[PDB]
Amino acid sequence: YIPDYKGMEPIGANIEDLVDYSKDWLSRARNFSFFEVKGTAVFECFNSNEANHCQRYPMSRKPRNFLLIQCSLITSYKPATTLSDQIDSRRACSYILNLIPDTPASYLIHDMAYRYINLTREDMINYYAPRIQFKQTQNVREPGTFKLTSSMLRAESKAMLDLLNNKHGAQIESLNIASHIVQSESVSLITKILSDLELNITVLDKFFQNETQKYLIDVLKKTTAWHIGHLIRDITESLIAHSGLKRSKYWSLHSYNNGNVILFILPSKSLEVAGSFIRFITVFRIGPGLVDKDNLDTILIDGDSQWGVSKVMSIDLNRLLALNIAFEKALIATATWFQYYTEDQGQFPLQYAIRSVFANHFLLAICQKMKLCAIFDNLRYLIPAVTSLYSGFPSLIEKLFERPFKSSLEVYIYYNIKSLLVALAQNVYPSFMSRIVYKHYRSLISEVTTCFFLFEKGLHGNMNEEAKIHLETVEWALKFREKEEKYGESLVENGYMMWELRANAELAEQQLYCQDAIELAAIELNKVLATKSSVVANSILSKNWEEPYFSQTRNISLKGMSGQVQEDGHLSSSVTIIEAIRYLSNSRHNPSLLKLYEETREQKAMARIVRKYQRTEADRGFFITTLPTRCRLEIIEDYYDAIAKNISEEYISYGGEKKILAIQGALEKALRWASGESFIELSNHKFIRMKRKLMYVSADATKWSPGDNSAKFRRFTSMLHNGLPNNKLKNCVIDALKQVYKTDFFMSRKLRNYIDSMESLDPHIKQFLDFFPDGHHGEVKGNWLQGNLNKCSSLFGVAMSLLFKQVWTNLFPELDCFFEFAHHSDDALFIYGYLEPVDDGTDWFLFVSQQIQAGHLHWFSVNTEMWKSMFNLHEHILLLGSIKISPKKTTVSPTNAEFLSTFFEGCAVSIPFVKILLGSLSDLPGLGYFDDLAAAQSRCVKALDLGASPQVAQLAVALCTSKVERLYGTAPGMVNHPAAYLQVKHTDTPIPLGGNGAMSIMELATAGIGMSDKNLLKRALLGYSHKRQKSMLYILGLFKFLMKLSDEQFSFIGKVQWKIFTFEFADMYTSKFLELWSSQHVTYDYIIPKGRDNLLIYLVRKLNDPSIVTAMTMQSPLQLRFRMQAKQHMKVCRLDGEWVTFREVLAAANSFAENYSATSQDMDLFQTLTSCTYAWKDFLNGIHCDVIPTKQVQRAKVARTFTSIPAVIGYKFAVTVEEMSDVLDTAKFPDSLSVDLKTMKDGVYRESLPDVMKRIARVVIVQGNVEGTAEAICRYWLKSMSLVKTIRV
RNA sequence: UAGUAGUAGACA
């Protein structure tokens, strides 16, 4: 029952008025928002901005630090061991004690070396001992640390220490970016560093060994950068070891490279607590590598041997973890560059270019600083701005110059950027990081994108970014207040009319809309919607408006959701499930979406903003709203998603695989139109032939802006045609839109305390604080918060574009012009089809003059370059809404290259594969060797789906497997190696207990993660059924142990449980009650209880779950604790109700497997599991591959697809009335449930009990010739197994 | 110019 709301009567909007208004507007000269891309224009932009910048920032003469770690290598690097560490430490301490300190840090390292060298024999015993046999000592209290009492430090050492230990207005100093001397100095320094780094110190298997091993790995393995990366991994491992809670308060000393590099770790705050830095100094022999003498503390000299003493570096957990995997990040980035070069050129890169690219990537990976990240973020949009015909490149170059240049690395990057931009504006695409010229724009874009993705996502300052997050919302809310005070609330809320716009001509502005324009756009949409009213009505009514609100997953999710205003006045930070449980506990029914709206309509919309933690120059904020707000937004967005699904020009509603097909079809029809010839009819029967041409406009900032009035959507909804009989649902959506006009915007507690700590307040901070009356929340109007009404705004933009199309058609009926609009994501693509004269257009100018003199004054803007007038009118009509096209990030080009790059970047199924590739070595879910290995392997399969070559994907999966094996000590030679205890080979060992996880990327892509375990179990059954061998049966018992552990990602045969380090309604029900209820109600395992009475218990069960409680605490500095215990080989596994080490679990596994006996019940279970295990292996085993003489040709990107039971099983277990009704509500066809159950059990028998049923329970970017069958996708992958050669299957 | 960070006062 939808309640009776109020409707909106239509206004007498006439398209004739808009047509006449457009005739006058186009009767005068209209300036273009974009500038013609000339090399001279770009050069003068840079030259002017250089002088402006020199004025803007105070000059600094000392370039600042950029290298996070300084070191040098002269010989091949050998990985550090404990004995090697001891020997190198002694030798290095002798060398250091032979030197003479100069600065306080030199005295500090001299004191540390003296203290280390004078430790007793028992100190050295406990210093280099594992935690098993470690005993405490007067000097050594923690294994890898020692103590340095202040009495053992000189005055200079204490001076350095207190300098380390210990505003409202300032100007950040910058180097002289206009001086040529500064540029030359920076270029020389970075060139020297890079030349130092480049200095030399299955069918897929054979393809790798011929192509990726030859021209990439064999080249980079001997470079200085490779060994420097390994040494950096060792140093970072030592720093991570010292970051524990018990250890970080002490001193430490490590040496590497036969005593040539020495690490001195000072007492620090532990990295387990947030906002901490580890302090250290590196002392190294001067030589090639990561050396910047200008930013060194000293250079001690002893007989033609120079020792470089670095500054004290404070590195946080994020940057330390980034530095740990710098070598792998550089390797993946260079492999991506390798694949892209091969695709662009059809050849392999030469050795020098590969070495230089690897050195550049490694230097970027070492220097993890926010300024470089911001520069590389700017370059991504700067490159399209100079490769198009028109763009906003002056604004982009000014924005690039709006920063200080503090270090030599920044100035070198700026010099390169200026050179590349001027080269591009004068044209064939020069490389940013090489001497290679490309043939495709996508190659250069991918180069810069790979450079950008080398920086981690959390480099912003916490306080500064938290302050910056609220500024846009506050500023645009203030602008809205100013507008509604100048014009009155009614005009701003309800819009102005056309005659008011004709009288004022300044009402066309952001946050202001014309009512006639909104009604006309809705009519234009209805011109299409009316012809398909049946499907639209079915789509709307298929949103299930009468099902319970909280019985949907989205309404009981684990995402953040704001709660209530607290006594301090802040907005509570909560979870969706908590609010769901609270509402269920405070009422007795399960209301529907409309019923919840009725119950909560009176309350105010509330929202707070949190950091997204991205790697853009400015971090974006994510808005967290309350429950009634979510209900209102759900109503509006469900309605508009149902409506928007039937409009072709709206692309947000597309799934993601249809989006690419739709955009390809739009481009295809645009190309088809230009193949024709347009003719102009004349009275004298003398036609003029006009040549059709296309212009591509990639329009930025069309969907959302903090500068909009959500009140236009009310009239849009009122005038939009649906197939429903009445206006009840439409009135409900209009009312909900009315209920989100005003918002209570809360400032976060962090920023509140930040401002509170301040004594005086600057004018900008004062103006910001004035927005919040009580100091906690202020009111926002007009601007709906980001990411809340996407389909609504996208459809509104589509309607506006259609309105412009109709207006232009009415203005010029004598011209044959083509328009295609694609409002995808926040961007939009406009394709203007215009006509140019063929031969001098002698008749064309005469015709235009005749039109103008005949009274059609608006023909003046069509005389030459009519696409400019098209864009001018389109932009004006969009502004008649509240859509302002961004004049800096919009490019106008005659080719669809910049747009294609932007669109594929925006699409979630076509993001660059290097972004996912670099993410497979970081942020692994820290729980267990098997789960981490599966998470890492699955990320490399996703990269292959996104377009990674099988060789690059294989390289990345090998690197990730090596990293995971190092984390847990599984790899051969370390104590956690399973082959040390179990009497099987490493390849024959189950993955959950060590075991070779390394596999072909093809096996992982097709057969999935765990196929190694499946093959192991299948071969074990075959051996025990055909041979009954003793040691061959030994594998059988190991699997049975895992089930014993499991009973006491998915795992086919058990796992090993590891420790996990960690509510209001989580305790209202006793745990035994939850156990009894779950045992009684088994059908709810596959469905969600609907009725409130047991939905509450189901939700409390969902809260009291180790997996769920682990999920709510994912990103935390305490995650380092688990990896430290795993690296230190502590008691991290669970066995027989106790926490034991991995070696204990392996020993128990060996005992159980030795003492295993078959009962044929295990044999039946294993046979069932093997039967449950497309037969991808046989296809991969049986295939023919040969090299035909041809050249590899790369076509356009194409998206394909790679490939109810819970209702039936739930219906099987339903006993009482409530479970029975819930399974009928969930099931689509309750009539056929019994038949489906019968046929399923018949198939199970031909292939019953509850336990067996309980245990039984992809978009790919390819070329155009591939089909939608998984066999076609696999054959495409096999054909693309060679980078340069063509394979025939 | 101890580091990170920043033309919002931080870690401290």
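Letters go in sequence order (proteins before strands), and every chain restarts at 1. As a basis for the values below, the full set of heavy atoms in this structure was taken, side chains included, without hydrogen atoms, waters or symmetry mates.
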Next on the checklist: Quick check: A/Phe327 with A/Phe362 (ring centres under 6.0 Å apart)?
Outcome noted: no

Checklist entry - Does A/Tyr414 have its ring centroid less than 6.0 Å away from the ring centroid of A/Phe401? => result yes

Next on the checklist: Of the options B/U7, B/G9, B/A8, whose atoms approach the side-chain atoms of A/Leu471 most closely?
Outcome noted: B/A8

Checklist entry - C1' atom, B/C11 versus B/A2: distance in rounded Å? => result 14 Å

Item to check | Nearest-Å distance for atom pair NZ/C1', residues A/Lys468 and B/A5 | outcome: 9 Å

Next on the checklist: Both distances below 3.5 Å, Watson-Crick or wobble geometry, any strand: find the nucleotide opposite B/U7.
Outcome noted: none

Next on the checklist: Roughly how many Å apart are B/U1 and B/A8, using the P atom of each and rounding to a whole number?
Outcome noted: 25 Å

Item to check | Heavy-atom donor-acceptor pair, A/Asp316 side chain to A/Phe277 backbone, under 3.5 Å | outcome: no

Checklist entry - Could you go step by step and tell me if A/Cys451 and A/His361 meet the side chain to side chain contact (heavy atoms under 4.5 Å, CB included) rule? => result CA-CA 7 Å; A/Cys451 284; A/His361 286 310; 4.2 Å; yes

Checklist outcome for this item: A/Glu472 atom CD is separated from B/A8 atom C1', nearest whole Å, by 17 Å

Checklist entry - Could you state the CE-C1' distance from A/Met747 to B/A8, rounded to the nearest angstrom? => result 13 Å

Checklist entry - Would one find a side-chain N or O of A/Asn65 under 4.0 angstrom from OP1 or OP2 of B/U4? => result yes

Checklist outcome for this item: Separation of B/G3 atom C1' from A/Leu317 atom CG, nearest Å, is 16 Å

Checklist entry - Does a nitrogen or oxygen in the side chain of A/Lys269 sit under 4.0 Å from OP1 or OP2 of B/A12? => result no

Checklist entry - Within the pair A/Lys371 and B/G6, is there a side-chain N or O less than 4.0 Å away from OP1 or OP2? => result yes

Next on the checklist: Can you work out whether A/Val312 or A/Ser276 has the more 5'-proximal nearest nucleotide on RNA chain B?
Outcome noted: A/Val312

Item to check | salt bridge (charged side-chain N to carboxylate O under 4.0 Å, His left out) partner of A/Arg403, chosen from A/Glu410, A/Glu617, A/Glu398 | outcome: A/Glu617

Next on the checklist: Whether A/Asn464 contacts B/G9 is assessed here as follows: a side-chain N or O lying under 4.0 Å from the phosphate OP1 or OP2. Is that the case?
Outcome noted: yes

Checklist entry - What pucker does B/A8 show by its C1'-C2'-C3'-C4' sign, north or south? => result south

Checklist entry - Hey, does the side chain of A/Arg64 come within less than 4.0 Å of B/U4's phosphate (OP1/OP2), counting only N and O? => result no

Next on the checklist: Just the rounded figure in Å: distance from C1' of B/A5 to CE of A/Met313.
Outcome noted: 12 Å

Item to check | Sole candidate of A/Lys457, A/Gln1115, A/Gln1119 that passes side-chain hydrogen bond (donor to acceptor under 3.5 Å, both in side chains) when paired with A/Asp923 | outcome: A/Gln1115

Next on the checklist: Is there aromatic stacking of A/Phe277 on B/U4 here, judged by a ring-centre distance under 5.5 Å and a plane angle under 30°?
Outcome noted: no

Item to check | Sugar-phosphate only, base, or nothing, as touched by A/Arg403 at under 4.0 Å among non-hydrogen atoms | outcome: nothing

Checklist outcome for this item: Rounded to whole Å, CG of A/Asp316 lies from P of B/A12 at a distance of 13 Å

Checklist entry - Rounded to the Å, how far apart are A/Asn462 CG and B/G9 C1'? => result 15 Å

Checklist outcome for this item: Quick note, A/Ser314 side chain, CB onward, closest among B/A10, B/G3, B/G6 is B/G3

Checklist entry - For B/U4, does the glycosidic angle fall within 90° of 0 (syn) or outside that (anti)? => result anti

Next on the checklist: Given B/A10, B/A12, B/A5, identify the nucleotide with an atom nearest to the side chain of A/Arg279.
Outcome noted: B/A12

Item to check | Check: A/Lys167 side chain, B/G6 base, donor-acceptor under 3.5 Å | outcome: no

Item to check | Separation of B/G9 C1' from A/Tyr754 OH (nearest whole Å) | outcome: 5 Å

